[PDB]
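This document starts with one chain, in the form deposited in one PDB entry, laid out as structure tokens.
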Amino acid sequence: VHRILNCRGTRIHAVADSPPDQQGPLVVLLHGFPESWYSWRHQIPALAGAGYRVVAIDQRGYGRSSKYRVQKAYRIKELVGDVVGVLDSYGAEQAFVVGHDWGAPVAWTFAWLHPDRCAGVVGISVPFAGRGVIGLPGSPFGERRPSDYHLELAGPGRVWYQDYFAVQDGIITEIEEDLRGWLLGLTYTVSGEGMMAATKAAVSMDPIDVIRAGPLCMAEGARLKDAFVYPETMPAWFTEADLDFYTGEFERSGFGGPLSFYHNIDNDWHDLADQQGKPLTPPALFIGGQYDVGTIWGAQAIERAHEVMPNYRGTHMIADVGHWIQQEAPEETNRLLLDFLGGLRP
């Protein structure tokens, strides 16, 4: 189950599963922020049962994988290089790569830069955004600079959460005061039930300005934790045992490495200029969430999927669920993945 891979000097921890014959196409699962290989707990058994060799890693800076302090260790191409190291560890020429949240940009970019090593790519929550890394209502494919675009058009005297994350000072401070409660807050808030309830509190305008006056949008000097919402009772899809797992991983790893991902966005947008225009050629698929903020912000990037991905095999919207897509709708997600992989050849 547990494996330690050496990806050209970087220790990458992973949880594997496959048919007893130890044969089948390789499927790599990339988790996002602030998650773990554990986020794919409902897919691993399904994919392995369908005949695939499934590998769910802890990205660098997470769980039991290498923890770097320097910022350059968390640039998109380093993340991508880790995925390449995974395939190399399994001696696999190609592999299906599935990424969620931050895992998606890495999976998308992995397919963009290494189409020869990719049999298919699936981004969950966050649609392909080219050099944009993360598509937003204003810039679906990174038309403008990430940082500055955040500043203006995102809040008068407010702060874009991503830029807050990138600071890695106050964000960490508000987390450590009570890490377990922070995880619960951030989870329930951008979840389905949490979003439906936040909307139910209607008491409809332009989406581009809905971000402001939103949770991920805070007033300068405040704390992102200030806008969280906690459930009266632990949702059925995210129990106490799940929260205890995640809590245990992060009280050991911290958020330093994870937050450096956000800190390098501008740097990623930079590193990916020499790719704009070039299409993403592997067969691609996007799974979005009705109430997921990732799906909503990349709405413009999704309408133009075929414009950037010739082998785009389609968009799939899961209703009533929020950001934690593969956990909130484990079986719907499994069906979609099994269909996509099923109709493709390794």
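Just count from 1 along the sequence shown to find any residue number.
Beyond what is shown, the protein has a form deposited with a small molecule bound; the following relates to that form.
Proximity of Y38 to the small molecule in the entry with it bound falls outside the 4.5 Å heavy atom cutoff.
Within this chain, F96 is remote from the site of the small molecule in the entry with it bound, having no heavy atom within 4.5 Å.
Put simply, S253 is far from the small molecule in the entry with it bound: not one heavy atom of it is within 4.5 Å.
In the entry with it bound, none of the heavy atoms of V121 sits within 4.5 Å of a heavy atom of the small molecule. Proximity to the small molecule in the entry with it bound, defined as a heavy atom within 4.5 Å, singles out one entry of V190, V80, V159, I175, which is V190. The single contact residue among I134, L179, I211, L113, judged by any heavy atom lying within 4.5 Å of the small molecule in the entry with it bound, is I134. This chain is displayed without the small molecule, yet in the entry with it bound the stretch 321 to 329 from 20 to 28, 6 to 14, 334 to 342, 321 to 329 comes within 4.5 Å of it by heavy atoms.
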